[PDB]
């Protein structure tokens, strides 16, 4: 989680899509969904990201509807966007024990308890926080099943990106859980 406002430059794909849903939160606009193999993935937009400007205009106070209408009306040879990096999230690094554990339980992405004498415990991992990424890989929508499988195959240093549940539940409302599952970019980044 950088302390960074950065500029990204986008390009509507062949069908006029950039692959992005936006959500009004606290008079800001946030990334609710980055679609896999989209403009928005290639430039490296991330769930939770904040969109400060779109073509040099401020997003402050915009409805979701307007953000989306703004995107459609734009001449997608070049869309500029000014981004604040995942501002509602934090990253925690942890090391697995010899039993491979980091030392928590989660349910529906959400960390529900912490296990005494663990790295989870040593590192002040918190409950009531949804899991957003792991070692930099979006994991929103996947079954708990599949998130366990990522954790097991991670190596010792595991890196988790969390978000307060209340904020998380506020971001994803009005998005059908299957769209999340199939269409949210769960892929490692291209170079």
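Numbering follows the first chain given and starts at 1.
Stretches compared: 107 to 115, 73 to 81. Higher mean C-alpha B-factor in the entry: 73 to 81.
Taking the PDB entry as given, 178 to 186 carries the higher mean Cα B factor of the two stretches 17 to 25 and 178 to 186. Based on the entry's C-alpha B-factors, the most elevated value among 50, 63, 130, 135 belongs to 135. You'll see in the entry that, of 125, 162, 151, 40, the Cα B factor peaks at 151. Annotation for residue 173: C-alpha temperature factor in the highest third relative to the rest of the modelled chain, per the entry. Residue-level temperature factors show residue 167 in the lowest third of its chain, judged at the C-alpha atom. Ranked by C-alpha B-factor against the other modelled residues of its chain, residue 139 falls in the lowest third.
In the PDB entry, a CA B factor belonging to the lowest third of its chain's modelled residues is recorded for residue 67. In this PDB entry, residue 157 carries a Cα temperature factor that places it within the highest third of its chain's modelled residues.
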